[PDB]
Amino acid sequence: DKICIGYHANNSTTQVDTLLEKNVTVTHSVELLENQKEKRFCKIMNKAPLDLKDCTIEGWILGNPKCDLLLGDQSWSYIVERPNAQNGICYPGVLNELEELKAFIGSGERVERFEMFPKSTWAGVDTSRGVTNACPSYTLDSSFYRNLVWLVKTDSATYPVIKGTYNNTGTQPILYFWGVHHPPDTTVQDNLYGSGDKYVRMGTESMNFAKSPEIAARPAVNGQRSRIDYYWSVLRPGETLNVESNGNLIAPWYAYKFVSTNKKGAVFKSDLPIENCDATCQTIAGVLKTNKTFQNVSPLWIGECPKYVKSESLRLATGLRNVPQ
């Protein structure tokens, strides 16, 4: 008679690495890292993202005529802006504090478009013929931003002082936009607004703004040697906005009641498709469906994802060294 002491073995070929030795086969082990991705954008908390399509954030939020599909109310779990989106700022000029604006909208979850200043607000001026081939809704037509209005003196008299007020009695802050038009010469300036020192002026409880045109000849962009300085701001609940101008005003027309999220919002620049799926973890590189601790897909994500790491594998030994006979 006799009795033995020994240990387990099996057909396992899966190996791990250690400090002292690499490529060690073991009986049982676990993989801690996920490397598999669904290359698509899906819903988060069963709430769909917002596709900006051929629009940049600028084109969308200013209401570029070519972006009318995005017009109105929107709700999103995150935003997807496409790398070669063509439609942003059509009428040449610079949007002031652009990057903070993007970060701000990114911190958002819903917007309600509404008319803040009907064109009737501006008396003794022309509110309908501020259109240009620089902002077509197609290619040959002449239009302008849906959320802005390009005011022009009426066909004869001068540009009177015009006034507008909005009292934000609601409980939600309002994101809105306006601008100053900068003609290329004095003759354009006078054809559009007439002679005299001109100003664009805006005031709230927590914000002051007054600026004059800076008339200079610039290179043509979309056929305009003129420029517009674009500005944005947030009229907080309770605050009230006074608008006063005697020329060169690009008035706010439509604005957005804005719902902040409480945070973790995202803006993904990506080419990936949005399909009718759901997910708990959504990266810029795709969706993760996993129980694992790590991943090497992307550091950029929305939802609850595994810790991003550049490792290609992280396999942990649980069983013993495999010594089959």
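Numbering starts at 1 and follows the sequence shown.
When the two stretches 279 to 287 and 23 to 31 are set side by side, the higher mean Cα temperature factor goes to 23 to 31. In this entry, 164 to 172 has the higher mean Cα B-factor, the comparison being between 91 to 99 and 164 to 172. The PDB entry assigns the greatest CA B-factor among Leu272, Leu52, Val267, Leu62 to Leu272.
Compared with the other modelled residues of the chain, the Cα B-factor recorded for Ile228 ranks in the lowest third. Ranked within its chain, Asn296 lands in the middle third, by CA B factor from the PDB record. For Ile105, the recorded CA B-factor ranks within the middle third of the chain. Only modelled residues enter the ranking.
Ranked against the other modelled residues of its chain, the C-alpha B-factor of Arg201 as given in the entry falls in the middle third. In the PDB entry, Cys135 places in the lowest third of its chain by CA B-factor.
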